[PDB]
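Asks:
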Amino acid sequence: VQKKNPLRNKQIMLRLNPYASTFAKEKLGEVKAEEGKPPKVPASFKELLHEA
Amino acid sequence: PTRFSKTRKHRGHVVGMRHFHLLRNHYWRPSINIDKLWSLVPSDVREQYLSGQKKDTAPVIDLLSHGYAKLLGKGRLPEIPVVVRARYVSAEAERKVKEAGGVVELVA
Amino acid sequence: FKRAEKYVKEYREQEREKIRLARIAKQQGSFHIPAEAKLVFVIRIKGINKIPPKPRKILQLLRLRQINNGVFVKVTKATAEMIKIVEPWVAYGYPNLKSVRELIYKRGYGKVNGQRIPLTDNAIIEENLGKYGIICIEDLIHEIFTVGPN
Amino acid sequence: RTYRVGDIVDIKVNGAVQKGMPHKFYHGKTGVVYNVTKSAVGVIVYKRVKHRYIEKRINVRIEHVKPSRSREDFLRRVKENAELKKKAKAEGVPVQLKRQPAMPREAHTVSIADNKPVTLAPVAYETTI
Amino acid sequence: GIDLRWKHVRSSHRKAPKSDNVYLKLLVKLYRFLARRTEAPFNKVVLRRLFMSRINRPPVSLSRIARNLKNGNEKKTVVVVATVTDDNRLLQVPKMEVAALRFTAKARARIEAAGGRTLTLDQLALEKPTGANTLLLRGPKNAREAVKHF
RNA sequence: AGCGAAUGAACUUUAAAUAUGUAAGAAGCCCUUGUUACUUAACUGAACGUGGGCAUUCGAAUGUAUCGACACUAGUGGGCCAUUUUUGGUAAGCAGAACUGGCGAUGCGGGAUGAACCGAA
RNA sequence: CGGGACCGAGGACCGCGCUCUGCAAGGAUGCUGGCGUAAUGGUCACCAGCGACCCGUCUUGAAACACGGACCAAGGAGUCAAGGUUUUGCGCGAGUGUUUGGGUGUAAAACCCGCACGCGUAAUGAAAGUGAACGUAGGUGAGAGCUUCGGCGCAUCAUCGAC
């Protein structure tokens with residue numbers, strides 16, 4: 010009798026998708042990047058970027 | 003009826019030769035085909051004839067009494083001898099009557 | 300539940316894979332050319348007045364009959380040429396996962412027996428697409444976003 | 015070339031005789047032969063008037079008529095569809111029988127070591143000098 | 200505004216008879232119930248032929264029934280939604296079970312004399328509610344002076 | 001584009017934009033058999049039939065409340081304006097066609113105002 | 001995580017579900033105040049803001065021009081008959097039509113009766129005239145429905161035959 014927005018009503022979200030509660034609890038929208046020291050940009054990329 | 007008309011709804015929105023002195027009685031000659039020939043027999047006698055309860059008698063039909071002058075040969079006839087009294091007849095109608103076992107007699 | 304978990308993991312891995320490939324090419328001194336987009340969302344933003352018969356027919360075939368109507372299109376040359384012809388009436392581009400899930404969750408209506416039925420249950424998607432393996436709205440979103448066989 | 019009734023032909027009026035052509039509409043059109051003459055041929059053409067097709071007939075000299083290759087691709091595709099379907103039934107492996115539209119290109123990597131890019135301006139400096 | 204090049208088409212067939220026959224209305228109610236509650240297409244066809252007019256229901260003769268009774272159809276129940284008329288050119292009548300809207304007096308008498316039986320459509324619905332072992336017949340629709348003059 | 005390919009818009013290995021014709025299947029594809037009153041030097045092609053083989057995927061995309069045949073009835077069937085294409089012209093205006101769109105039949109918001117403008121029905 | 005506006009459609013239960021004693025899950029309930037009457041609401045007259053050419057007819061593509069309109073009451077214009085044609089309902093059905101007429105009557109009604117006749121049941125030809133089965137009233141391809149699941153195949157269409 011009434012279409013309810015699942016993005017506003019959490020119960021419709023849990024009805025249509027049981028994994029939404031697990032997503033919210035485990036915070037899978039806030040996953041940090043993999044650890045490790047990032048290697049620096051090669052020089053030739055920089056001379057190519059700043060070449061007139 | 004006037005009340006069912008559309009105007010009530012539209013209220014507010016508006017060779018050869020010539021034959022002098024022809025007499026059709028000269029050319030009166032009605033025709034019947036042989037598949038309706040048994041229909042001229044009365045129904046109950048027709049039923050005994052078709053069932054086979056009359057092995058010694060044959061029916062005689064007068065077409066002029068029933069209102070026909072020519073016997074034509076559309077259809078087929080059963081193997082029952084029938085005497086036919088007609089003013090006119092066609093050759094194949096006479097052939098089918100003779101194959102049925104009857105005879106066609108000419109009357110005026 | 301398991302299928303939605305798998306889909307979320309696949310989205311995260313494909314994003315990290317694209318980033319890793321770009322970084323590896325940059326570190327090796329080359330450029331990684333990304334794959335061209337497979338999904339285009341098309342919105343009709345101009346009215347139905349004074350339109351030539353060929354763009355009229357293309358909009359009819361793309362099911363853009365009213366202004367502010369949007370559709371999902373798989374990118375082939377046969378569809379790209381049509382959208383290129385009806386450029387003066389549409390705005391089209393490459394939608395992301397958030398756009399797909401927002402559109403399907405908020406304005407999701409299925410065509411069931413010629414009727415426009417809101418997607419309020421997984422059941423409607425199940426009896427309308429279960430022969431293609433799509434049993435819920437997460438399968439529908441995954442199929443639309445990744446451009447699957449169905 | 016002796017043309018026959020039912021053959022599908024292309025019309026190309028060769029030469030620069032376009033000064034006084036009565037009907038330039040049928041140049042480059044494709045039609046069906048219904049009548050054959052020693053130096054003429056009868057071609058059935060269809061014209062589109064709004065929502066319906068009207069049927070026109072023209073008499074074209076043989077010098078402006080070439081046989082068309084419209085059904086060559088269809089007959090050819092029928093032939094290799096039959097042959098690869100027989101081959102697939104022989105070897106017991108599925109094979110594609112449907113031609114597909116062009117798909118978008120996938121991801122790939124372009125090397126720079128021997129193909130250093132050239133920087134271009136909106137005009138060429140060699141043309142400026 | 201929405202651009203609809205095509206047009207939704209209203210139904211082009213009868214849904215109810217124009218006749219004011221109360222017994223025909225009862226027959227329509229019975230066969231509406233039968234066509235709704237059974238899977239047999241025979242009930243739907245009989246309901247549609249009950250809807251039709253007289254020029255769409257030409258008469259069927261005893262000779263036509265005797266023709267269609269041949270070749271393994273001797274024991275089938277003949278169903279004709281029309282008037283069954285007598286044909287006097289057919290001299291002998293085979294035994295037959297015919298269900299019809301109405302019979303002429305001569306046709307009914309000749310059937311009962313030959314040893315067959317005549318039924319109404321409600322009797323047909325009671326004996327064969329699924330249309331089992333039935334031979335459905337129509338008469339010559341184009342055998343009319345108007346159709347000749349068309 | 002090249003002519004460190006040949007040759008010289010009329011050069012070409014290759015190849016434009018714009019719309020545009022034809023074709024894209026089982027209702028189809030061939031093979032074989034004979035006849036021919038067609039045709040061919042010709043049982044040779046083709047047509048006519050005959051039989052057989054091809055359903056292992058029915059042989060691009062997208063859309064598909066879009067079917068067909070009758071019956072009866074009615075108005076209009078050498079109207080206006082505009083974009084584009086094309087043929088002519090004039091001192092300047094302008095005159096023919098082809099397609100498309102709008103109007104005559106049409107309300108609404110904006111062009112202060114309005115048959116032909118914009119948005120949108 | 002706040003702040004604001006508009007809306008409350010349905011009327012026992014059923015279903016999807018969830019954070020599972022219950023619930024924000026297939027559409028509003030709970031508590032409280034004043035009044036219980038012109039207070040809400042409605043009609044009429046007027047003022048105020050915004051909007052708004054006088055109708056009909058003719059013309060062409062259209063406006064314009066032109067014509068009619070002082071006002072009110074009553075009257076006032078696609079009707080009937082005959083003959084066709086298509087469709088709808090009805091009765092009978094290879095037949096059908098009582099009502100020219102007669103009988104009868106509670107008397108222009110109703111009821112009853114039959115010979116002829118009209119149309120249909122046979123066409124074609126100028127006419128003389130002749131006059132529709134080789135076959136389960138044919139063969140082939142479709143075709144609703146039925147089927148003992150082998151097929152039978154209505155109407156109708158296309159085609160080749162027959163009279």
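Protein chains in written order, with the working numbering: chain C, 10 to 61; chain S, 3 to 110; chain Z, 300 to 449; chain A, 15 to 143; chain U, 200 to 349.
Note that beta-carbon positions come from the ideal geometry of N, C-alpha and C, so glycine has one too.
Please list the partners that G77 (chain S) has in chain U, where partner means a Cβ-to-Cβ separation under 8 Å.
Replies: Against the second sequence, residue 77 (chain S) aligns to sequence position 75. Correct list: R288.
Asks: Taking 9 Å as the CB-CB cut-off, is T445 (chain Z) touching chain A?
Replies: As a first step, residue 445 (chain Z) is located in the third sequence; it is residue number 146 there, counting from the start. Chain A contact via Cβ: absent.
Asks: If I follow the unbroken alpha helix (DSSP H) through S33 (chain S), where does it start and stop?
Replies: Along the second sequence, read from residue 1 onward, the residue named residue 33 (chain S) stands at position 31. Here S33 (chain S) belongs to no alpha helix (DSSP H); instead the beta strand (DSSP E) covers 33–35.
Asks: With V62 (chain S) and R87 (chain S) assumed to form a contact (beta carbons below 8 Å), what rounded beta-carbon distance in angstroms separates them?
Replies: The residue given as residue 62 (chain S) occupies position 60 in the second sequence. The residue given as residue 87 (chain S) occupies position 85 in the second sequence. Indeed they touch by this definition, with Cβ atoms about 7 Å apart.
Asks: Closer than 9 Å between beta carbons: that is the criterion. Which residues of the stretch 96–127 of chain A meet it against chain Z?
Replies: Hits within the stretch, in order: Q114, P115, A116, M117, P118, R119, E120, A121, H122, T123, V124, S125, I126, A127.
Asks: So, is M22 (chain C) buried or exposed, given that buried needs 16 or more other C-beta atoms within 10 angstroms?
Replies: As a first step, residue 22 (chain C) is located in the first sequence; it is residue number 13 there, counting from the start. Answer is buried; the Cβ neighbour count reaches 16.
Asks: So, for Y431 (chain Z): in the same chain, excluding its five sequence neighbours on each side, which residues have a beta-carbon less than 7 Å away from its beta-carbon?
Replies: Working through the third sequence from its first residue, we reach residue 431 (chain Z) at position 132. So the qualifying residues of the chain are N449.
Asks: Any idea which residues DSSP pairs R343 (chain Z) with across the strands?
Replies: Mapped onto the third sequence, residue 343 (chain Z) falls at position 44. Z:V389, per the DSSP bridge assignment.
Asks: Using a beta-carbon distance cut-off of less than 8 Å, what residues from the stretch 385–415 of chain Z approach chain A?
Replies: The residues in question: there are none.
Asks: Grouping DSSP H, G and I as helix and E and B as strand, with all else coil, what is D128 (chain A)?
Replies: By one-based count along the fourth sequence, residue 128 (chain A) stands at place 114. The answer is coil: DSSP assigns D128 (chain A) none of H, G, I, E or B.
Asks: Considering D21 (chain A), what are the terminal residues of the alpha helix (DSSP H) in which it resides?
Replies: For the purposes of this step, residue 21 (chain A) is identified with residue 7 of the fourth sequence, where counting begins at 1. Looking at the DSSP string, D21 (chain A) is not in any alpha helix (DSSP H), and its letter there is neither H nor E.
Asks: Per DSSP, which residues does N49 (chain A) bridge with? Please list them.
Replies: On the fourth sequence, residue 49 (chain A) is found 35 positions in, with the first residue counted as 1. Its beta-bridge partners are A:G56.
Asks: What do you get for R309 (chain U), buried or exposed, if any count of 16 or more other CB atoms within 10 angstroms of its CB means buried?
Replies: The residue given as residue 309 (chain U) occupies position 110 in the fifth sequence. Buried: at least 16 other Cβ atoms inside 10 Å.
Asks: How many angstroms separate the CA atom of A104 (chain A) from the CA atom of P115 (chain A)?
Replies: The residue labelled residue 104 (chain A) in the question sits at position 90 within the fourth sequence. The residue labelled residue 115 (chain A) in the question sits at position 101 within the fourth sequence. Rounded to whole angstroms, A104 (chain A) to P115 (chain A) spans 28 Å at the Cα level.
Asks: Does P417 (chain Z) come out as helix, strand or coil in the three-state DSSP assignment?
Replies: In the third sequence, counting from the first residue as 1, residue 417 (chain Z) sits at position 118. In the structure shown, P417 (chain Z) sits in a strand (DSSP, three-state: E or B).
Asks: For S30 (chain C), which of helix, strand or coil comes out of DSSP?
Replies: For the purposes of this step, residue 30 (chain C) is taken as residue 21 along the first sequence, with counting starting at 1. DSSP places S30 (chain C) in helix when its eight states are reduced to three.
Asks: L361 (chain Z) CB to nearest chain U CB: under 9 Å?
Replies: To locate residue 361 (chain Z), count along the third sequence from 1; it is residue 62. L361 (chain Z) does not count as touching chain U.
Asks: In the structure shown, what three-state DSSP assignment does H37 (chain A) receive?
Replies: Position 23 of the fourth sequence, counting from 1, holds the residue named residue 37 (chain A). The answer is coil: DSSP assigns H37 (chain A) none of H, G, I, E or B.
Asks: Output yes if chain Z places a C-beta closer than 9 Å to the C-beta of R209 (chain U); else output no.
Replies: Taking the fifth sequence and counting its residues from 1, one reaches residue 209 (chain U) at position 10. Chain Z, which has no Cβ nearer than 9 Å to the Cβ of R209 (chain U), makes this no.
Asks: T317 (chain U) lies in the beta strand (DSSP E); which residues open and close that run?
Replies: Position 118 of the fifth sequence, counting from 1, holds the residue named residue 317 (chain U). Run containing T317 (chain U): 316–318, per the beta strand (DSSP E) assignment.
Asks: What would DSSP say about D58 (chain S), mapped onto helix, strand or coil?
Replies: On the second sequence, residue 58 (chain S) is found 56 positions in, with the first residue counted as 1. Three-state DSSP puts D58 (chain S) in coil, outside helix and strand.
Asks: Please classify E86 (chain A) as buried or exposed, where buried requires at least 16 other C-beta atoms within 10 Å of its C-beta.
Replies: By one-based count along the fourth sequence, residue 86 (chain A) stands at place 72. Classification for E86 (chain A): exposed.
Asks: Within 10 angstroms of its Cβ, does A54 (chain A) collect 16 or more other Cβ (buried), or is it exposed?
Replies: Locating residue 54 (chain A) in the fourth sequence gives position 40, where the first residue counts as 1. Looking at its Cβ environment, which holds fewer than 16 other Cβ atoms inside 10 Å, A54 (chain A) is exposed.
Asks: Does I143 (chain A) pass the burial test, meaning 16 or more other C-beta atoms within 10 Å, or should it be called exposed?
Replies: As a working note, residue 143 (chain A) is residue 129 in the fourth sequence. By the 10 Å Cβ count, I143 (chain A) comes out exposed.
Asks: If I measure Cβ to Cβ from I433 (chain Z) and keep anything under 7 Å in the same chain, skipping five residues before and after, which residues do I get?
Replies: Position 134 of the third sequence, counting from 1, holds the residue named residue 433 (chain Z). Cβ within range, chain order: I424, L439, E442, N449.
Asks: Just checking: is the beta-carbon of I357 (chain Z) within a distance shorter than 9 Å of some beta-carbon in chain U?
Replies: Locating residue 357 (chain Z) in the third sequence gives position 58, where the first residue counts as 1. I357 (chain Z) does not count as touching chain U.
Asks: Chain U partners of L52 (chain S), CB-CB under 8 Å?
Replies: Reading the second sequence from its first residue, position 50 is the one you call residue 52 (chain S). Simply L290, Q291.
Asks: Report the partner residues of residue 148 (chain U) according to the DSSP bridge assignment.
Replies: The first residue shown for chain U is 200 and the last is 349, placing residue 148 (chain U) beyond what the model contains.
Asks: Hey, is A304 (chain U)'s beta-carbon within less than 9 Å of any beta-carbon in chain S?
Replies: Against the fifth sequence, residue 304 (chain U) aligns to sequence position 105. No, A304 (chain U) lies away from the interface with chain S (no Cβ there is under 9 Å from its Cβ).
Asks: What whole-angstrom Cβ distance do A265 (chain U) and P293 (chain U) have, given they're in contact under 8 Å?
Replies: As a working mapping, residue 265 (chain U) is identified with position 66 in the fifth sequence. As a working mapping, residue 293 (chain U) is identified with position 94 in the fifth sequence. Indeed they touch by this definition, with Cβ atoms about 6 Å apart.
Asks: On the DSSP bridge list, what partners appear for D64 (chain S)?
Replies: One-based indexing of the second sequence puts residue 64 (chain S) at position 62. Its beta-bridge partners are S:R87.
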